[PDB]
Amino acid sequence: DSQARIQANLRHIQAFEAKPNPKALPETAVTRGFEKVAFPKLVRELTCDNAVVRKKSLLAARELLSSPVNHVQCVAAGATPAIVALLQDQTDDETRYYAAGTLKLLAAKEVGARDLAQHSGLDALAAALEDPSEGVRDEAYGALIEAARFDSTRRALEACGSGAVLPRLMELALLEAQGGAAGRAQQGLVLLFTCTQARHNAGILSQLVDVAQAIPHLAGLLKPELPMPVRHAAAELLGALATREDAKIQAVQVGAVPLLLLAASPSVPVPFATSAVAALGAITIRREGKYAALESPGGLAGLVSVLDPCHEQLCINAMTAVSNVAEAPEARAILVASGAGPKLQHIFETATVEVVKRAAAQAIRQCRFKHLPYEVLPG
Amino acid sequence: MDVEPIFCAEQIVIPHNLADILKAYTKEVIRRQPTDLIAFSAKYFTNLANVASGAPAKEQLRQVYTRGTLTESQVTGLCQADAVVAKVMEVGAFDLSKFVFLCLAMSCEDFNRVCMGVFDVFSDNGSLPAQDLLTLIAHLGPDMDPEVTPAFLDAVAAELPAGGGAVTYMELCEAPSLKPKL
Amino acid sequence: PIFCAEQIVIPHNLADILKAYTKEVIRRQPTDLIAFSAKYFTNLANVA
Amino acid sequence: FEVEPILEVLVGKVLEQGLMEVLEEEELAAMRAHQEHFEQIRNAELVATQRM
Amino acid sequence: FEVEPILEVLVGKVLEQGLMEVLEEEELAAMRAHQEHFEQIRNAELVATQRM
Amino acid sequence: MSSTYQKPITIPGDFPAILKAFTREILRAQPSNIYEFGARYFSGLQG
Amino acid sequence: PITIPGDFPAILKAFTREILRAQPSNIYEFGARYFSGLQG
Amino acid sequence: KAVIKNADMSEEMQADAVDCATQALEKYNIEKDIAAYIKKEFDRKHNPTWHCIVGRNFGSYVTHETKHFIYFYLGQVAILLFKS
Amino acid sequence: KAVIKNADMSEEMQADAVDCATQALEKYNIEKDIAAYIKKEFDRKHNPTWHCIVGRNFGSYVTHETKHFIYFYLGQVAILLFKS
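Residue numbers (PDB author numbering), protein chains in the order written: chain X, 2 to 380; chain V, 1 to 54, 60 to 73, 79 to 90, 95 to 108, 114 to 201; chain U, 5 to 52; chain E, 156 to 207; chain F, 156 to 207; chain M, 1 to 47; chain N, 8 to 47; chain b, 7 to 90; chain a, 7 to 90.
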């Protein structure tokens with residue numbers, strides 16, 4: 002092992018070498034100062050004079066906003082105004098892309114969303130949604146969607162200027178009308194749906210339904226030609242809007258009951274089926290909904306085929322739709338003809354989830370009644 | 001975030017985007033928690049190289070999970095929606116037909132198109148045996164789609180030709196108890 | 005000999021209790037928060 | 156000065172999670188009580204018809 | 156010996172950043188899933204109450 | 001569901017400061033049992 | 008229980024050493040070839 | 007801010023020590039890099055040999071030549087510097 | 007026990023340093039005292055100049071006279087011992 006020994010001794014000589022000097026770093030070099038020094042340094046470096054420094058500091062910030070502690074210290078140090086100001090720069094599109102991504106990372110935690118709202122960041126994202134670039138639009142959609150997880154952000158989106166959700170839906174329709182870009186449309190529609198689930202949604206619904214005339218647009222975007230996630234988002238948005246009675250009336254008036262039934266079959270991906278049958282359960286409250294479900298060529302057969310103990314949300318949606326439809330006089334005879342009786346009996350008998358068991362008992366009692374006195378609920 | 005020690009010569013230059021690649025690779029390793037990291041990493045990097053060059062392995066993993079040696083199946087899949099499955103079956107030429120049948124079923128629109136694809140893939144020339152088609156249909160069975168229980172299997176076997184004999188597409192479309200399925 | 009930030013120990017059973025604690029408050033929404041909180045914590049101690 | 160961020164993080168978690176849970180529990184309780192009220196009305200009507 | 160320091164610092168930095176990002180992403184996605192699960196139950200019971 | 005089932009409930013308003021102070025004290029003290037420390041702390045805080 | 012695999016730091020250490028030694032223009036296929044070769 | 011627990015040097019040289027410590031804390035992450043930056047920078051100008059220790063938990067016993075020594079806090083780090 | 011992270015001395019000198027440190031660790035509960043004890047014993051044992059730093063968190067850059075340097079851990083505590 003002579004060669005190994007000489008290599009070891011030579012390496013030991015090269016170890017204690019008395020290095021000349023730490024030559025000075027270039028101006029375009031970023032680093033993390035020991036411990037807390039980095040967070041104040043970043044908010045300074047985000048506002049330096051040279052562009053490449055600001056971009057690489059944006060990357061460093063995206064690194065620095067992962068852990069909750071670093072997020073808190075970086076947002077308290079005053080990062081958000083710098084990031085939104087960099088976003089509003091229109092000279093270089095790349096910086097807009099990285100800034101939108103950085104804001105998506107920022108808005109994950111509660112404090113990030115609240116400070117983004119306070120510093121008028123939601124308005125900046127709404128403006129950026131129309132950026133002629135392509136990746137930045139996806140990043141902005143993702144950032145808005147991730148910010149909308151909190152009710153406070155939803156309310157701030159409700160009343161920010163005059164129209165914010167309205168031009169969002171307008172842009173979704175515009176981009177689906179020209180071309181076939183489906184990711185942006187689906188992201189916008191799921192963002193709109195997350196807005197409708199705000200606790201006090203009276204303003205959010207009123208705006209959409211009244212001014213935007215969303216129902217005919219969604220009925221046009223429910224056709225089987227469009228990609229399936231687009232149909233999923235449109236069906237879920239209709240199901241959320243249909244809480245209002247005017248929404249029910251207009252939905253049946255434009256149609257859209259056959260199209261939702263077209264999505265009910267035991268050969269379809271679960272999320273689309275769940276959304277379509279939930280929207281149907283909402284619509285069939287109105288009389289016109291029940292007779293439009295009975296009038297469709299393959300409606301009730303599909304609705305009874307959907308019933309299966311697994312795929313639980315789909316099963317309960319189908320159960321509610323059956324309970325709604327079976328209130329009609331003729332519909333009962335069809336449902337008992339299509340074997341809904343034993344199917345619902347099995348679903349009630351073998352299940353243990355309480356909410357679906359209650360839906361099953363209600364559906365069974367709803368399917369076997371012919372007189373106004375109502376028998377006691379099964380079980 | 002640049003990483004630059006005080007004493008490091010210019011002879012060693014870090015390529016840009018190395019940090020991001022190792023970022024992603026480490027995240028996937030942490031998520032998956034594999035038992036053999038070396039072959040896992042080989043498979044991962046082959047996957048990403050193929051994907052960037054020009060979605061085999063995501064679909065392969067989904068099909069393997071749906072089904073409920080594997081390296082060879084993954085390699086065959088990554089080197090190839096019915097023509098590709100047929101090519102994979104031909105390169106297999108034979114836990115090797117159940118995977119192909121499940122991958123054809125999951126991509127199918129309905130039961131009729133599923134049966135047409137089964138006839139196309141399980142045997143060429145436009146026709147296959149009658150016990151093989153029955154076994155391929157029973158492969159779905161419970162937990163995949165209802166109305167495929169053993170009773171319907173026996174009924175369809177009775178309505179079909181003999182086991183040795185061949186069953187075409189038209190001879191199966193008009194068979195008893197199979198028209199209700201379509 | 006604590007000398008670094010990460011040295012501070014966050015107990016496993018802390019946050020859950022705290023959430024339960026705020027639950028009770030946001031159920032009653034009282035005005036004498038200190039008195040009710042003292043009563044509640046003393047109850048939990050004496051029963052545990 | 157060093158324990159402040161940990162306090163902020165844990166307190167934010169506790170507040171938002173507890174508030175969300177209490178709102179949702181209350182909302183479901185109200186809806187299910189409404190449904191039970193309607194069912195009680197229906198049962199009383201059944202009893203009246205049986206009495207007649 | 157000229158590549159030892161860069162190697163060691165980069166390896167550790169990448170591993171730590173990856174673990175922190177994975178934990179944060181898992182928590183956020185899981186919270187989103189809980190919110191979605193509550194949102195669907197709420198809507199179903201709303202439909203039932205409207206029918207009654 | 002706009003207002004009929006959704007009853008407005010909001011944080012008592014002066015709870016954040018109390019909770020933050022309690023969290024600071026529980027972190028610094030590091031006791032064996034959290035319940036006992038909380039009981040004694042709030043009892044002393046009241047009077 | 009989300010931990011780093013017990014053997015991963017050394018493997019990533021070696022991979023970093025080799026990729027910094029070779030200086031490739033395609034890290035993905037480099038990893039493919041490296042890991043395939045080490046596997047055998 | 008600089009809380010100079012124990013210094014044996016002149017005012018200007020102390021101020022330059024604090025400035026170099028600030029630059030080292032701003033530019034480098036790990037401890038030995040900061041120590042080497044301080045030591046090499048004070049080798050470059052002041053006098054040819056220097057010794058530095060940056061940390062959070064330590065107290066040395068040295069033999070410094072008079073007119074050159076500092077032991078002071080910057081941020082949350084203790085920096086000990088002396089020629090010998 | 008004792009692990010020598012870095013050494014630049016003869017085996018006998020390193021063994022003597024480890025022995026000095028472990029002997030110090032059974033008398034002094036304050037760390038400056040360990041530094042003082044080690045510095046005195048290598049002061050009288052060898053050529054009079056020496057330097058010692060002890061702690062649980064520190065990073066250094068010391069110019070040390072050739073053939074004389076060590077950096078090793080006892081228990082949980084690191085010791086850096088060198089000569090100018």
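All C-beta atoms, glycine included, are put in the ideal place defined by N, C-alpha and C.
Closer than 7 Å at the beta carbon, the chain a residues around residue i
i, result
"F17 of chain X", "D14"
Per-residue contacts from residue i into chain E (C-beta, under 9 Å)
i, result
"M175 of chain F", "Near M175 of chain F there are no residues of chain E at all, since even the closest Cβ is about 13 Å away, more than 9 Å."
"residue 211 of chain F", "Absent from the structure is residue 211 of chain F, since the part of chain F shown begins at 156 and ends at 207."
"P16 of chain M", "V166, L170"
Option in the options with minimal Cα separation from residue i
i, options, result
"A174 of chain V", "V:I156, V:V105, V:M163, V:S196", "V:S196"
"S90 of chain b", "a:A23, a:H57, a:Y79, a:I36", "a:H57"
"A25 of chain X", "V:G87, V:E82, V:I6", "V:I6"
"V137 of chain V", "V:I156, V:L172, V:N17, V:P61", "V:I156"
"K358 of chain X", "X:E313, X:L123, X:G221", "X:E313"
"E179 of chain E", "M:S43, M:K7, M:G47, M:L45", "M:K7"
"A21 of chain M", "U:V51, U:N50, U:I38", "U:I38"
"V53 of chain X", "X:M171, X:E36, X:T29, X:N71", "X:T29"
"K117 of chain V", "V:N144, V:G184, V:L80", "V:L80"
"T195 of chain X", "X:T154, X:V337, X:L227", "X:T154"
"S43 of chain N", "V:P34, V:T35, V:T46", "V:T46"
Counted within 10 angstroms of its Cβ, other Cβ atoms place residue i as buried (16 or more) or exposed
i, result
"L152 of chain V", "buried"
"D20 of chain V", "exposed"
"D25 of chain a", "exposed"
"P374 of chain X", "exposed"
"residue 202 of chain V", "Within the shown structure, residues of chain V are numbered from 1 to 201, placing residue 202 of chain V beyond reach of any answer."
"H13 of chain X", "exposed"
Same chain, Cβ closer than 7 Å to residue i, five either side skipped, listed in chain order
i, result
"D309 of chain X", "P267, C316"
"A186 of chain X", "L173, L176, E177, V231"
"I34 of chain M", "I26"
"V31 of chain X", "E46, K57, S58, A61"
Partner residues on chain M for residue i, Cβ-Cβ distance less than 7 Å
i, result
"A61 of chain X", "By Cβ distance, chain M contributes nothing, its closest Cβ being about 30 Å from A61 of chain X, past 7 Å."
"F7 of chain U", "Simply none; closest approach about 15 Å."
"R200 of chain X", "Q6"
Under 8 Å by beta carbon: chain M residues contacting residue i
i, result
"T275 of chain X", "What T275 of chain X touches in chain M: nothing, since even the nearest Cβ is about 19 Å away."
Sequence-distant residues of the same chain with beta carbon closer than 6 Å to residue i, five excluded per side
i, result
"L115 of chain V", "none"
"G61 of chain b", "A84"
"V105 of chain V", "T86"
"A100 of chain V", "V140"
Closer than 8 Å at the beta carbon, the chain U residues around residue i
i, result
"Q30 of chain M", "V13"
Paired residues, beta bridge with residue i - DSSP
i, result
"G61 of chain b", "b:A84, a:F64"
"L158 of chain X", "Its beta-bridge partners do not exist; DSSP assigns none."
"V29 of chain U", "Its beta-bridge partners do not exist; DSSP assigns none."
"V186 of chain V", "V:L147"
"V9 of chain b", "b:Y79"
Contact set between residue i and chain E, taken where Cβ atoms lie within less than 8 Å
i, result
"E111 of chain X", "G167, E171"
"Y5 of chain M", "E182, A185, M186, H189"
Neighbouring residues, chain E, relative to residue i (Cβ below 7 Å)
i, result
"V73 of chain X", "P160, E163, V164"
"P379 of chain X", "Near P379 of chain X there are no residues of chain E at all, since even the closest Cβ is about 13 Å away, more than 7 Å."
"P374 of chain X", "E200, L201, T204"
"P69 of chain X", "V164"
Beta-carbon proximity list for residue i, same chain, < 8 Å, skipping 5 on both sides
i, result
"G162 of chain X", "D124"
"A302 of chain X", "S339"
"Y98 of chain X", "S134, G136, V137, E140"
Interface residues of chain V facing residue i [CB-CB closer than 9 Å]
i, result
"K20 of chain X", "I6, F7"
Within chain U, partners of residue i - CB distance below 7 Å
i, result
"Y35 of chain M", "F45, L48, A49, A52"
Chain-ordered chain F contacts of residue i [CB-CB under 8 Å]
i, result
"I30 of chain V", "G173, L174, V177"
Chain X contact residues for residue i, given Cβ-Cβ distances below 8 Å
i, result
"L31 of chain b", "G34, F35, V38"
Chain X contact residues for residue i, given Cβ-Cβ distances below 9 Å
i, result
"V83 of chain b", "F35, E36"
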